[PDB]
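Okay, so here's just one chain, in structure tokens, the form deposited in one PDB entry.
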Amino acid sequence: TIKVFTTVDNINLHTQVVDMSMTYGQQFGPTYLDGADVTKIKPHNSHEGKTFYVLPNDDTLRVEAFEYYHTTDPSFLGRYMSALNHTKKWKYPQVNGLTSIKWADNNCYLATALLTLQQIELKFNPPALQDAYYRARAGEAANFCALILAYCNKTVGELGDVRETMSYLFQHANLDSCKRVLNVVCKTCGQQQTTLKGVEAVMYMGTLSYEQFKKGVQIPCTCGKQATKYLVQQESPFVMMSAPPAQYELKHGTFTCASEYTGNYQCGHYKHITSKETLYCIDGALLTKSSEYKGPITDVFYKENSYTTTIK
């Protein structure tokens, strides 16, 4: 018989004593050791003193689970420990001072998401996302990538969209202070102004150029008259301009970072473009610098503080 520790958050540890006769699944229930499902493994002698992850079996550990993860989904813990099993085996090299991921199990969209988050100002609501965020910026993003897969309901090897991944992450972040008012000018319906807050205030699908969104885009109205939806005010620390993959010229200093997508729908590859003193191209561990860039771009990230248009 040995003494081990069970926890749901790895912050509040609960001490337990197990017996060699019964497996972990008998006493604790579903138990995981650093990602490995040890529900069907009997306690070995080298397990004394180690910390174990267990699904909440009483109301005390149910609350500790929400305090750290902000979810009551029982399958969340299983998916998270399943994703951690391959993410802890990935390589996370430092590419130009940023933490990237070497290609493995179709993680090109995770590497682009990781590199992007290190360049935008974001505060996660779940403490598990925030603590792993800080650890990712240091250079240990294994737990962070596992949580992204869990929160996005994706599995390892699955094909993921960087915009959809960011969309899920923004809903678990504090964007309540973000606002965006728009003005749609219709030739028949007249003038109508809407106001977006939260996640829908920092994302737009249709164009990549933030200047074009300021000048106005042609969106169809119900009567057929193409309204010129232009941005009026934007109080957000960043904006994401998304558009279907198309050839786009990127210039250093005009944007923060971009997502390159090459290949067919869903079965393709993601490369991350970032702007410094010169344009950099990060593909896993590979790095390519250039003064100009032209290629297929799906998302472009810009910086913002407090903007008000000059169009009436």
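Superpose the two forms; the largest set of C-alphas matching within 1.5 Å is the rigid core. Don't overthink the numbering: it's just position in the shown sequence, from 1.
In the PDB record, does 244-252 or 36-44 carry the higher mean Cα temperature factor?
That would be 36-44.
Of the two stretches 176-184 and 150-158, which shows the higher Cα B-factor on average in the entry?
Per the PDB entry, the higher value belongs to 176-184.
Can you pull the Cα B-factors for 93, 74, 237, 216 from the entry and say which is highest?
In this record, 216 carries the highest C-alpha B-factor of the candidates.
Highest Cα B-factor in the deposition, which of 99, 116, 222, 87?
Comparing C-alpha B-factors across 99, 116, 222, 87, the top value belongs to 222.
Cα B factor band for residue 23 (lowest, middle or highest third within the chain):
As the PDB entry reports it, the C-alpha B-factor of residue 23 lands in the highest third of its chain.
In terms of the chain's CA B-factor thirds, is residue 204 lowest, middle or highest?
Its C-alpha B-factor, which the entry lists for residue 204, ranks in the middle third among residues of this chain.
Would you check the entry's CA temperature factor for residue 134 and let me know if it's in the chain's lowest, middle or highest third?
For residue 134, whose C-alpha B-factor we compare with every modelled residue in the chain, the answer is the middle third.
Taking the C-alpha B-factors as the PDB entry records them, is residue 264 in the lowest, middle or highest third of its chain?
According to the entry, residue 264 has a C-alpha B-factor in the chain's highest third.
Residue 190 CA temperature factor, ranked by third within the chain
Highest third.
The same protein has a further form, the form deposited in another entry, not shown here; the description that follows concerns it.
Do you see a C-alpha shift of 2 Å or more at residue 39 between this form and the one not shown, with the core held fixed?
Yes, because once the rigid core is superposed, the C-alpha of residue 39 moves 2 Å or more between this form and the one not shown.
Aligned on the rigid core, do the two forms place the Cα of residue 66 2 Å or more apart, comparing between this form and the one not shown?
Where the cores coincide, residue 66 shows only a C-alpha shift between this form and the one not shown that is less than 2 Å.
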